[PDB]
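1. Sharing an experimental structure here, sequence included.
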Amino acid sequence: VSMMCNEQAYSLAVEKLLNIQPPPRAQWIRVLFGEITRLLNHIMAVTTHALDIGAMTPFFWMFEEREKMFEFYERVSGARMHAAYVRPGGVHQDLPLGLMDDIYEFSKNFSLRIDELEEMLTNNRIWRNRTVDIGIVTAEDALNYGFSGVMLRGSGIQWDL
Amino acid sequence: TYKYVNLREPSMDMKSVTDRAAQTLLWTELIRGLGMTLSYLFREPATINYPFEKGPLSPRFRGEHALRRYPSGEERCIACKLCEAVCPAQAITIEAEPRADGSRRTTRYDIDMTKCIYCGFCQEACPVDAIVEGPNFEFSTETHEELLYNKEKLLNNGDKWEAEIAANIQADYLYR
Amino acid sequence: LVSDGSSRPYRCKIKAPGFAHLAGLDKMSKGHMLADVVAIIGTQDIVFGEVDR
Amino acid sequence: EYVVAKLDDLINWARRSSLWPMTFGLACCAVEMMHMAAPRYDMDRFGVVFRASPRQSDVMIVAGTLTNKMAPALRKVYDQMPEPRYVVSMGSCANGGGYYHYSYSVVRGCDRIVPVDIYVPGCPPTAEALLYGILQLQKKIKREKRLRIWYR
Amino acid sequence: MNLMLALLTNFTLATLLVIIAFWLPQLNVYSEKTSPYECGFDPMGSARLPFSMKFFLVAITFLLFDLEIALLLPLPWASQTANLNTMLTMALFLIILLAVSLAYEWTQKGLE
Amino acid sequence: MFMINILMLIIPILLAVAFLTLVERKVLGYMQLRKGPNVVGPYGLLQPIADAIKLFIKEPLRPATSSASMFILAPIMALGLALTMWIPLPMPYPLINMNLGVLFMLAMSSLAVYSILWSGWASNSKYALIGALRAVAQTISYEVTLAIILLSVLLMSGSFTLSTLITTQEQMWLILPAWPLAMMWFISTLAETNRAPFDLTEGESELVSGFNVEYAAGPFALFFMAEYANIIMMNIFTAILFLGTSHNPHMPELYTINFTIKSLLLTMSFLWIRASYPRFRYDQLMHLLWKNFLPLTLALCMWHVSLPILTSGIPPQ
Amino acid sequence: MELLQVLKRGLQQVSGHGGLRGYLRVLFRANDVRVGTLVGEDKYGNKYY
Ligand SMILES: CCCCCCCCCCCCCCCCCC(=O)OC[C@H](COP(=O)(O)OCCN)OC(=O)CCCCCCCCCCCCCCCCC
Ligand SMILES: CCCCCCCCCCCCCCCCCC(=O)OC[C@H](COP(=O)(O)OCCN)OC(=O)CCCCCCCCCCCCCCCCC
Ligand code: SF4
Ligand code: SF4
Ligand code: SF4
């Protein structure tokens, strides 16, 4: 489900070997995508989790909204999910005339959609009863196991790369 | 920096316990919570009615293959052997021969439609601008013996439209 | 990513989660029910093919 | 006659009015099927309800990628399905295996295990060329069981 | 005399539709591979049914709470009566006699 | 023409369980922002007559490692008591005038769990062997949550017949003087008849619903069928008990019109709950019966004993 | 009083589009029943609205 988050850690691992930095516009594209796949990997982890538990709608309530955002891959790279876009020298090609009147219309109206899950799940009682004090691994055996982030910092140790 | 979430004690006085004991016992949550947030059914449903309506796409879309040709025909390919050297999946299979007129062309040209991983690496390696990922997802044949493509499928499949393709490339060659 | 010096690379070892996040389930699961176990796994956000690390 | 061959204008219509798909979501073509159950190109209520149990399903949909360690667990599940069963493979890895066609640990094609009806090509097919895939499967049902007992 | 022909209709319509599904349209003499399959979506279960203590006490506890609701059952018939100080103070006894049987067992239930 | 009345009640209700499966998903669809069955109907309305014939064509296998006389006897007792319970029920006139028939509901609602104990045993192993044993265990515990607060209104009704249950509510709509009992009346039938928040019978991610898990669409076609016959019958039983309508002898036509409109509304709630709430994780399911549901039910029981006495308001019988 | 406040628009929309025959002829393929605003020209008789 991470599309541009992978190839961000391959291109950056080959630029080091080449002694080449990417140019300045090629860095503010990678962040606008590398921080828009973090609104896709976190839609899935908070919905399919809550479908295994058994809540039906926030799966459907978010994927109906999610299809406004697989639109944005197609307009820039060419394709639906797996885009071969990032290269070891920056972005392949330029994004079309647009996408700044269409990300802006989108991203000014996403904080209401995330204001629905707060009322579905957080102050809900049954889901709080399904999830409190469950799977408490918190020790320095929760770092001896070599964990990366969350299931770290969500339990104690503040650190991220 | 920081932010602390779910780090707050209850008030634990005489007033706000009745505010919480009205919650557990007489359900001021769970009806105001989700007897109202759900219904909210009164929006218009967003369903693409598929055999008639179809969904939006973009002029750089990837799909069925094609081989263009010039104004009055020349079979734009020149068998220069690059679209086969950067297929990552080794789908293309070209075998040229000096054609009798003197200009070199293909004899056999084979694209599997199953090993085709749909890069866009054939589309951009070509110097003479021939092989183009054409914008039609119409597929779904019933035999594995069929999805192997020859040369003389692709031309037929590449001259069923060129009003479709040449409207796309003229819009998008200015970036690449 | 060990590179030898020519166009084709040498070994390319991937590190991904699922090695850490799922070796530490056997510690995490003991004591609780069976219907707690399906509640555990969703929070690690396990995506397979990435356990191909 | 006109009496018997009229009856397969109902049974071969009842068999194509509600398919119940099992799916094998294994790899990336799982997610691009889940958007079809998402209400944009809404899969259900165009005839075909979604995922069920292996005892009750008509038409299974293979996706993803079949390795060696899933090859017996497929064929076992294919056995339990009833007599009017159909197999659709989506994805370009259940057609001859995408890439990983040349690596050691892949069953090279998924037709080598089961007989599969409609092949749908594309790394992930866009849930748009999959409704066109199943609307090819309903057009396949023009067969009759009448004029078989009534001919021979 | 219809009570008793109010249900023997309902059961002979019930057993009708099951044999026109289990029998008739069925008879699977063709290939019908009944091999080692059909094992309820699994394999061979060489273990038998093991005892589970926390799922036995749920059976007995219900049975002893089920009896004295039948003592408690003729309370609406115990309304149109004679002497009613007796009728009230005895009706309150059984409920408390049911309530104490909670509180003793309530100090040890287990993961039920 | 008594025999023509019985068939006039079994047949028009098999449509109302077949035309509920269609409204099962249209109502559950507009909550997801999507249309109903769009293409086959025209509006959907012809879906279940096509979706019924497919089941009786598709091959009804029996499992090889199964028993014989038990596996094909539980669907006999499934539709038996699912349809026999519709008899003593006034609308406005019942088919049968039982002297005491409110108790006969529990005489019919008790034996339904004795088929689940069969079918979980009769076929096969662990996905319905132990996985159905803990489905009998939840359904037995919600009678003592049920039978008490069913008795807790009869101290105010007066007797056991159902004609008095419409007479006593000519001016009240009795949900008001007993609204704490009316809450736990709902959740009991929401969990006894094996529905969406307290599930493990049908099965979400539990016994992968191992109480059906094995029936191919021959015998399976009733289980679902029969089961959907309980859920519109506790709704027709709640609305004759709490939310009672008005009866006029000169006009019995206007009874049923104002009556079937009400049982349909409560039937919507079993659909409207499922699209909100997650499951209960079998411990917390039974952890709230004893500890939490039950001691209040005795508390109001002792309340409804004394209050007809210390009001001097004894109901007449 | 929205039972006639907005049905008045739908009365000309439902009924007066092709009479009695032209309405149910498009209803039997799907619930695509709304008459579109504009027309296409191409090609055969299939006016892509
Ligand atoms: C697999 C197929 C083979 C099996 C097929 C047979 C299956 C039958 C299963 C049906 C089980 C239903 C048994 C329910 C018994 C309760 C009947 C009852 O109590 O009726 C109420 C009524 C009480 O009398 P009352 O209300 O005072 O009448 C008014 C007078 N003014 O009472 C009356 O109105 C009349 C009482 C006498 C009526 C005849 C006796 C009723 C029972 C006859 C069937 C015997 C039970 C069979 C064994 C049951 C097995 C489950
Ligand atoms: C002095 C004069 C006399 C005084 C009279 C006073 C009258 C007072 C009446 C009070 C008694 C009636 C209320 C019934 C009690 C409520 C049931 C209950 O106790 O639930 C407790 C349950 C336990 O969980 P909790 O304690 O909150 O701990 C977890 C917190 N993390 O926590 C819960 O909240 C669980 C909630 C219910 C669980 C099921 C939810 C599933 C959805 C059900 C929706 C039902 C909606 C309404 C039903 C239909 C109504 C018509
Ligand atoms: S399209 Fe280009 S790369 Fe492909 S065969 Fe022709 S000349 Fe060679
Ligand atoms: S799309 Fe990519 S993999 Fe497929 S034929 Fe073209 S270059 Fe080869
Ligand atoms: S090759 Fe196609 S089917 Fe295989 S994982 Fe990738 S997208 Fe999915």
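-> Yes, it's here. Residues are numbered from 1 along each chain as shown, chains lettered A, B, ... in the order given. Ligands and ions are numbered 1, 2, ... in the order given.

2. in chain A, what residue is nearest chain G?
-> residue A:64 (19.2 Å; CB to the nearest CB). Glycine gets a C-beta too; all of them are placed from N, C-alpha and C.

3. Now do that residue against ligand 2, distance only.
-> 25 Å (CB to the nearest ligand atom, to the nearest Å).

4. swap in residue F:273?
-> Here residue F:273 is placed at a distance of 6 Å from ligand 2 (CB to the nearest ligand atom).

5. So which other helices or strands are in contact with the helix or strand where that residue lies?
-> In the assignment (DSSP states H and E), residue F:273 maps to helix F:253-274. Secondary-structure packing of helix F:253-274 (3 or more CB pairs under 8 Å, 6 or more residues apart in numbering or on different chains; DSSP states H and E): helix F:23-30, helix F:235-238.

6. now for the ones you listed, which one comes closest to chain C?
-> Per CB to the nearest CB, nearest to chain C of those: helix F:23-30, 23.3 Å.

7. in chain D, which residue is closest to the centre?
-> residue D:88 (2.7 Å; CA atoms, centre = their mean).

8. what does chain C give?
-> Using CA atoms, centre = their mean, the most central residue of chain C is residue C:18, at 1.3 Å.

9. is chain A contacted by the next helix or strand after the helix holding residue F:273?
-> Moving toward the C-terminus from helix F:253-274, the next helix or strand (DSSP H and E) is helix F:283-287. Yes. Helix F:283-287 reaches chain A (CB under 8 Å from any CB of the partner chain) through residue F:284.

10. C-alpha coordinates for helix F:283-287, CSV please?
-> The C-alpha trace of helix F:283-287 is given here as CSV (Å, rounded to 0.1, in the frame of the first residue of the first chain):
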residue,chain,number,x,y,z
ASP,F,283,-16.2,-13.2,27.9
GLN,F,284,-17.6,-9.7,28.0
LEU,F,285,-20.7,-11.1,26.4
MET,F,286,-21.5,-13.2,29.4
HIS,F,287,-19.6,-10.9,31.8
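
11. Would you mind measuring from the nearest residue to residue D:81 once chain neighbours are set aside to chain E?
-> Leaving aside its sequence neighbours, residue D:81 sits nearest to residue D:57 (CB to CB, 6 or more residues apart in numbering or on different chains; 6.2 Å). Between residue D:57 and chain E the distance is 12 Å, computed by CB to the nearest CB, to the nearest Å.

12. Tell me how many other residues surround residue C:3.
-> Around residue C:3 there are 14 other residues, counting by other CB atoms under 10 Å in any protein chain shown.

13. Specify the local secondary structure of it.
-> Secondary structure for residue C:3, judged by DSSP: H, G, I helix; E, B strand; the rest coil, is coil.

14. Run through the residues that contact the nearest residue to it once chain neighbours are set aside.
-> Closest residue in space to residue C:3, ignoring its immediate chain neighbours: residue C:9 at 5.0 Å, by CB to CB, 6+ apart. With contact taken as CB atoms under 8 Å, 6 or more residues apart in numbering or on different chains, residue C:9 is in contact with C:1-3.

15. Pick out whichever of those residues sits closest to ligand 2.
-> Of all the contacts of residue C:9, ligand 2 sits closest to residue C:1, with 48.9 Å by CB to the nearest ligand atom.
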